Each structure stands twice: as C-alpha cells, then as structure tokens.
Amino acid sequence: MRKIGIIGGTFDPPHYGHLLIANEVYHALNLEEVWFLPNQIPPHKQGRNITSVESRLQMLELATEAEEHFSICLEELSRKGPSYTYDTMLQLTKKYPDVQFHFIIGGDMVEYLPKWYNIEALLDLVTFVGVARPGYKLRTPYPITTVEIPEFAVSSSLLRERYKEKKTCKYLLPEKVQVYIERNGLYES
C-alpha cells in the first residue's frame, strides 16, 4: 500500500526539470517517495561518446542528495543492457510486494502507450502518471492519472550544448552536479 513514484531516463545530465517533475508528482499524489531509475545505454554503434554509468550515477547522487523524498533505484543498471519497462517493473513488484508504483511519463508519450512492450501486463504492475502543462488535456483508453506541471524549458540536450560551448548552467541544475560536470570534462565534444 506504500505509494512510490518512479521517474526513468538516462539523466544525461539530471536537471531541475527532472526534479521539478518528481517533486510535483510527489506532492500532487501524496507519494511516500520518488525513485529515480537510471536506464542502461547500449554501446555506441560507431564508438562515439556515451556518458559512463559511473558519471550518470554520481550526477544523480549529487542531484538528489539534498532531497529527503528522492531516492535512486539501481534495478535497470543491475543486469543486461537495456530493459523493457515491463521487465523492470516485474522485478520491482516482486521485490517490493507492498508498493504501489506510480510510473511517471511525459504527456507527449501518452498517445504511444499502446506500443509499449507488453503494455496490458504492465498496466497490472503500475499506475501511469501522465504529466501535462496547464491548458493541456491528455487522452488515452488506459486508466492513467494526470498531473499538471509548471513550465521550465530546461532539457538535457540544452545543457549538454552549453557545456560544449564552455557556458555555465547556473540556475538550471544543482550546483554540485555542475561542479562534477566541469571537473570531469563532461559534454565538451
């Protein structure tokens, strides 16, 4: 009966956009906590740069360390290459039979839910939480919860480009993440 949120992604890098979404859902739905679920990234086909699991995990640590109700879930990182959400949620529900998982997704992704691997069985494992801007209404045959979220146009691709151009990203992600990015020379070609 414990209400726990799940927010998945590569977190490459983690930013205030992610934290804002996790916080809003935590508060809207009265969750006990939100788990950040870092995805595996397959090796690059052409051997080009991917952000190491080590780096993504430490940025997540730094991003969430000051937040009481945010935790990191290592389930997806703990085996294989990438996992279907079904596979991950199967293991978490078996592992935490007392938890009601609330799986947070962007509004734009809602229309594509019928294409998710093994969707019908996943619907028995999680409650989906669709996030949408004020003024936006989500539509789906599936029983999802909608949460309205403020606009802050920060994205990982934005931040990556700023670091490439040796610009600062003050005010866009936690200070400690920024220091890590700068010290490890991340995202600079």
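Don't overthink the numbering: it's just position in the shown sequence, from 1.
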Item to check | Which of 99 to 107 and 77 to 85 has higher mean CA B factor, as the PDB entry lists it | outcome: 77 to 85
Checklist outcome for this item: Of 148 to 156 and 55 to 63, the stretch with the higher mean C-alpha B-factor in the deposited entry is 148 to 156
Next on the checklist: Between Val129, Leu37, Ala132, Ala121, which one tops the list for Cα B-factor in this entry?
Outcome noted: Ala132
Next on the checklist: Test of reading the entry: by CA B factor among the chain's modelled residues, which third contains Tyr26?
Outcome noted: middle
Checklist outcome for this item: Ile7: CA temperature factor from the record, placed by chain third, in the lowest
Checklist entry - Which third of the chain holds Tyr136 when residues are ordered by C-alpha B factor: lowest, middle or highest? => result highest
